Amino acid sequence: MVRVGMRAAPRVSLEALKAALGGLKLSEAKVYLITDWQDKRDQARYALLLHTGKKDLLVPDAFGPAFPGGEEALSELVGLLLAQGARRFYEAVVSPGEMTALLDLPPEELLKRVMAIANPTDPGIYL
């Protein structure tokens, strides 16, 4: 799996995601938003694991209200994925102190862990 974007860099990460995605259709994809356990969602950060079924992509913890412009970038990101056909969204919650370690796991290990702990989520909460 490819890794694009950078931690705490929402705008650059969104641009990198758009570049890697292109016009790819995502109807059978599973979109995993990886977030930290904070008191309120208004403090949350998010990483993205996009499982298309034919290839995976990871973006580190670059989105969300935890970063300036991050909530806006997350909204634009989810809108883009919906526009390209993605309909299955999930959220995995991890401790703040283990987020970077999780994201640095070998691709197969990361995918297994995120898939195991993620719950279906309504993409509208990110819009």
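A residue's number is simply how far along the shown sequence it sits, counting from 1.
Student: If you take the mean CA temperature factor per stretch, which one wins between 76-84 and 25-33?
Tutor: Comparing 25-33 with 76-84, the higher mean C-alpha B-factor belongs to 25-33.
Student: Which has the higher mean CA temperature factor in the PDB entry, 14-22 or 101-109?
Tutor: In the deposited entry, the stretch with the higher C-alpha B-factor mean is 101-109.
Student: Looking at the C-alpha B-factor of residue 91, is it in the lowest, middle or highest third of its chain?
Tutor: Its C-alpha B-factor, which the entry lists for residue 91, ranks in the lowest third among residues of this chain.
Student: Quick one: classify residue 61 as lowest, middle or highest third of the chain based on its Cα B-factor.
Tutor: Lowest third of the chain for residue 61's C-alpha B-factor.
Student: State the tercile, meaning the lowest, middle or highest third, of residue 8 with respect to the CA B-factors recorded for its chain.
Tutor: For residue 8, the deposited C-alpha B-factor lands in the middle third.
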